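Given as structure tokens, the chain that follows is alone and in the form solved without 8-fluoro-2-methylquinolin-4-ol (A1AXG).
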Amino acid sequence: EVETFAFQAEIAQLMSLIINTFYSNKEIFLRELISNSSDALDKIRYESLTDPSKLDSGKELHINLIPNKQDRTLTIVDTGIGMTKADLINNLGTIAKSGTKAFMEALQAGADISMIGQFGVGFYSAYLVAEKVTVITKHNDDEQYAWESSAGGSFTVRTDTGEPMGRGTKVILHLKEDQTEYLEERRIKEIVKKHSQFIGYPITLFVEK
């Protein structure tokens, strides 16, 4: 049972800008997703301070980076607070309408796309390198869901009956054919070292057979 939704016009416009603007510094997508994971982990850690049972769905707070060259996917997994179905539908838990407004004003004033996270809409930088993004998520207060979009103005949401996640979010980047450098160990290590040095959770880069 798959529900298809239209993005809000402003978010479709954000996505089209990210996909169509010439802009070479695409590697910042990984910084932005890791920052989103860190923010999600901070949230479940805060809730656990007064309610330890919030970690019954998983005590370890971490981020895994999983490249798969056969599937052409880079997966960012975190064990943070996760998203409810409403969060997914409401722009993956962001205030993306007002964030997009500010971001586009900043761009016209001289900012560049690398500054997207300052506007709270860093998730959509995934579309710098991905033709399709799939988000699997599980919040303590809801079932497990899959969100997906190849842009083009719509996204889908379904209940996910696949591999159970415990708690947190998994962003599966189906990379564009010319962006496979982001599956290479040395390239991922370089970007994490450059941009994510002060993320306060373990970031494990999986290796491939």
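Residues carry their position along the shown sequence, with the first being 1. Between two forms, the rigid core is the largest collection of C-alphas that superpose within 1.5 Å. Residues that one form lacks are left out of the comparison.
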Taking the recorded C-alpha temperature factors, which stretch has the higher mean, 10-18 or 193-201? 193-201
According to the deposited model, is the average Cα temperature factor higher in 153-161 or in 60-68? 153-161
Looking at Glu148, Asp39, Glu177, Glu32, which has the biggest Cα B factor in the entry? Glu177
Check the PDB entry and point out which of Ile116, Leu107, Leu88, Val133 has the largest C-alpha temperature factor. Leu107
Taking the chain's C-alpha temperature factors as the reference, tell me which third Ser98 falls into: lowest, middle or highest. highest
Please rank the C-alpha B-factors of the chain's modelled residues and tell me whether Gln144 sits in the lowest, middle or highest third. middle
Name the third of the chain's ranked CA B-factors that contains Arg167, choosing lowest, middle or highest. middle
Taking the entry's C-alpha B-factors for this chain, is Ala126 in the lowest, middle or highest third? lowest
In terms of its chain's C-alpha B-factors, the third that includes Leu49 is the highest
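What comes next is about the form deposited with 8-fluoro-2-methylquinolin-4-ol (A1AXG) bound, which is not displayed.
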Given 8-fluoro-2-methylquinolin-4-ol (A1AXG) in the orientation seen in the entry with it bound, superposed onto this form through the C-alphas lining the site, is the binding site open or blocked (3 or more ligand atoms within 2.4 angstroms of backbone or C-beta atoms = blocked)? blocked
At 4.5 Å between heavy atoms, is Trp147 in contact with 8-fluoro-2-methylquinolin-4-ol (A1AXG) in the entry with it bound? yes
At the 4.5 Å heavy atom threshold, is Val129 in contact with 8-fluoro-2-methylquinolin-4-ol (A1AXG) in the entry with it bound? no
Heavy atom within 4.5 Å of 8-fluoro-2-methylquinolin-4-ol (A1AXG) in the entry with it bound: which residues of 103-125 meet that condition, in order? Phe123, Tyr124
Superpose on the rigid core and name the single residue from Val129, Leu92, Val77, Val133 whose Cα moves by 2 angstroms or more between the shown form and the other one. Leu92
Using the form shown as baseline, tell whether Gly152 and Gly93 are closer or farther in Cα-Cα distance in the entry with it bound, where the change reaches 3 Å or more. closer
Specify closer or farther for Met165 and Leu92: how their Cα atoms are spaced in the entry with it bound versus the shown form, given a shift of 3 angstroms or more. farther
Provide the ranges, sorted by sequence, of consecutive runs with at least 3 residues in which each Cα shifts 2 Å or more between the shown form and the other one, based on a superposition on the core. 90-94
